[PDB]
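One gets the deposited numbering by counting positions in the sequence shown from 1 and adding 3 to each.
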Amino acid sequence: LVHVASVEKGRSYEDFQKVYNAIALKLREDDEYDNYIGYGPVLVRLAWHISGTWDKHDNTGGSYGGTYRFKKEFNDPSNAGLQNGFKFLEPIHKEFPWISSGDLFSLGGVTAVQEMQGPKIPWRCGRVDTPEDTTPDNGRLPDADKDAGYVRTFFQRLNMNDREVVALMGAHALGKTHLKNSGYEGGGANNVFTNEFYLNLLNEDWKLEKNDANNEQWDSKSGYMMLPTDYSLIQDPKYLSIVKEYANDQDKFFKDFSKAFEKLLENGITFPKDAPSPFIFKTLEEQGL
Ligand code: HEM
Ligand SMILES: N=C(N)c1ccsc1
């Protein structure tokens with residue numbers, strides 16, 4: 004199964020920077036969302052979930068087709084809460100109707116990471132909307148009540164290795180869980196992209212508790228929380244080494260996250276030899292906007 008990237012007709016870097024800027028300005032404007040976290044974290048989660056359906060074995064799923072717009076995927080229990088991100092992006096799509104859905108959802112994640120002071124994430128255009136019958140079935144996204152062995156095996160399907168997995172999970176520095184969405188009780192939350200997920204894992208006094216949905220999660224007296232799959236990164240000796248590496252080197256985490264996040268967003272896509280180079284967008288701050 005082959006998905007060839009096809010640049011939206013006549014568009015170039017400046018077109019996509021305009022879309023980036025619209026997303027970033029709206030991120031700034033709609034600041035009250037989710038107890039003043041804003042929409043940055045849910046947009047990152049949206050980009051991960053539309054990409055995280057990919058299966059390396061037959062190239063089904065993945066960001067290319069923009070299939071989250073269809074009811075089957077939109078209504079995946081695993082995607083509960085992402086409707087807020089979709090609604091956020093709706094007026095952006097209305098202003099720029101030429102951008103494909105996959106391009107918009109993935110660009111939403113890149114914009115959010117950068118505007119939350121994360122690393123630059125190079126981004127490529129050319130995802131093409133595919134028909135409703137190409138929508139992957141529910142159940143391809145990961146469970147949170149599992150251990151390190153599960154996390155490792157799960158991510159092999161996305162062609163991600165240990166370092167990639169531990170880097171991607173650092174996105175859990177952002178936002179929070181919501182009991183009504185996932186059955187996990189949210190803890191302290193931030194909207195600034197840092198390596199503090201790793202510092203929290205290593206430095207907090209974690210207690211295994213049961214929440215009001217009767218699920219186990221790890222909580223600290225400081226008010227932070229970790230999913231069982233988060234905590235599994237310091238239970239497994241290979242993951243633990245990498246957690247310590249990123250806890251002690253912010254730049255290395257940023258660089259590794261940027262590579263893994265772009266790879267995640269591009270899995271499944273064949274780029275022509277003469278496709279444009281990846282774009283690196285300027286932030287609003289860098290533009291003086
Ligand atoms: C084993 C892998 C993963 C599991 C089991 C997992 C599970 C979860 C769960 C249960 C939530 C709470 C959703 C809610 O209640 O609203 C969440 C939130 C989040 N996840 Fe993950 N996740 C995983 C990997 C990732 C990856 C790879 C990324 C991106 C690189 C990511 C980004 C996020 C973000 C940014 C949020 C916060 C969303 C918000 O504040 O609304 N996650 N995750
Ligand atoms: N471990 C956390 N505080 C987390 C998990 C999903 S989003 C934030």
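Even for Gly, the Cβ is constructed at its ideal location relative to N, Cα and C.
The C-alpha of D79 lies about 11 Å from the C-alpha of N184. For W126, the distance from the CB to the nearest heavy atom of ligand 1 is not below 7 Å. Annotation: the continuous alpha helix (DSSP H) that includes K258 extends over 253-269. Inclusion of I26 and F108 in the CB contact set at 8 Å is not warranted, their separation being larger than that value.
Checking the DSSP bridge columns, you'll see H6 partnered with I272. In this chain, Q159 is not harboured by any beta strand (DSSP E); it is covered by the alpha helix (DSSP H) spanning 151-159. Residue pairing for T70: DSSP places it in no beta bridge. A distance below 7 Å between beta-carbons, with the five flanking residues on each side excluded, links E207 to the following residues of its chain, in chain order: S223, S225, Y227. By the neighbour-count criterion, in which a residue is buried when 16 or more other Cβ atoms sit within 10 angstroms of its Cβ, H60 is exposed.
For ligand 1, no non-hydrogen atom lies closer than 7 Å to the CB of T56.
In this structure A147 is in contact with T232, their Cβ atoms being roughly 5 Å apart against a cut-off of 8 Å.
At a Cβ-Cβ threshold of 8 Å, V116 and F264 count as neighbours.
Taking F73 as the centre and dropping the five residues before and after it, the same chain places the C-beta of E135, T138 closer than 6 Å to its C-beta, in chain order. For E212, the closest of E188, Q159, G105 by C-alpha to C-alpha distance is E188. Uninterrupted beta strand (DSSP E) stretches at least 3 residues long and entirely within the region 214-253 occur at 219-223, given in chain order. Bridge partners of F282 according to DSSP: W126. Per the Cβ contact rule, the region 236-255 is in contact with the region 194-204 (3 or more Cβ pairs under 8 Å). Only residues of its own chain outside the window of five on either side were considered, and among them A263 have a CB closer than 6 Å to the CB of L171, listed in chain order. When C-beta atoms of the region 15-30 are compared with those of the region 269-289, three or more pairs fall below 8 Å, so the two segments count as touching. In this structure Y39 is exposed. Its beta-carbon is surrounded by fewer than 16 other beta-carbon atoms within 10 angstroms. In the three-state DSSP reduction, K29 falls in the helix class (H, G or I). The beta carbons of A8 and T273 sit about 7 Å from each other, so the pair counts as a contact at 8 Å. Look at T56 here: in three-state DSSP terms it is coil, with no helix or strand label. Scanning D58, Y67, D33 for the CA closest to the CA of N87 turns up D33.
Between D140 and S104, the CB-CB gap reaches or exceeds 8 Å. If the five residues before and after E76 are omitted, its C-beta is found closer than 6 Å to the C-beta atoms of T70, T138, all from its own chain and listed in chain order.
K210 has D222 as its beta-bridge partners, per DSSP. The secondary-structure analysis by DSSP pairs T63 across a beta bridge with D58. Sixteen is the threshold: since fewer than 16 other Cβ atoms of the shown chains lie within 10 Å of the Cβ of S15, the residue is exposed.
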